[PDB]
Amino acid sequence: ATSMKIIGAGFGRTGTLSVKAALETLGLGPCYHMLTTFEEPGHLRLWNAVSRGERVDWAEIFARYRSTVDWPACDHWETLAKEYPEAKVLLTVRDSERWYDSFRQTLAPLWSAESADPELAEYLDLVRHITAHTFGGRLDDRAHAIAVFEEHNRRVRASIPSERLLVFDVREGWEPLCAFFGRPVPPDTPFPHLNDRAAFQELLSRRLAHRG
């Protein structure tokens, strides 16, 4: 069977696309990511149902996945860790000021957009929901967004038994990730460094064009 082994609790802009690539290389995928929501039909509607508080069977989202990182799932780490008690929790972190610059320059413009494109309505509803419930409706307030990031990270660390949680900065490379799961380090392989910008812009254009 396909079993969920890793719940990613880190926010976007903490290297989650790189971690997705790394986990899949280690045989711990398929790994879910924000980008996956655009590749799985029905999944943005499922995530908005989750966001509204509907009863949603998590298997309808994750049955084919062994790991998840990034939004939208990272906001639901607490429920997911109870759903999947044998899964580890992976918290990716980053220094807060640089995290916010990354968030403000890449995600906030997308999340704050108005679009007349019907194909983006489900996505915008979802990231507006995240803006509302995780950020209290404000993305432009630097100190506030940083306070949300730091409290999110702290609440994960306070809530998950220590042996079940890895706190990881992607700048550390393979070694602590591999050691935590007891897997070998891939030889002569740099840790992935995926910017997670242009890939999403391509998925947006594919969705507007109805490609795939």
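Residue numbers run from 1 along the displayed sequence.
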**Mean C-alpha B-factor comparison - 108-116 and 122-130, higher one** = 108-116
**Item:** Comparing 63-71 with 50-58, the one whose average Cα B-factor in the PDB entry is higher
**Value:** 50-58
**Prompt:** Checking the entry, which one of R183, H144, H33, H152 has the top C-alpha B factor?
**Reply:** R183
**Item:** Cα B factor band for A198 (lowest, middle or highest third within the chain)
**Value:** highest
**Request:** Could you say whether, by C-alpha temperature factor, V156 belongs to the lowest, middle or highest third of its chain?
**Result:** lowest
**Request:** Grab the CA temperature factor for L23 from the record and place it in the lowest, middle or highest third of its chain.
**Result:** middle
**Message:** Sorting by Cα B-factor within the chain, modelled residues only, which third would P190 end up in: lowest, middle or highest?
**Reply:** highest
**Entry-reported Cα temperature factor of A179, expressed as the chain third it lands in** = highest
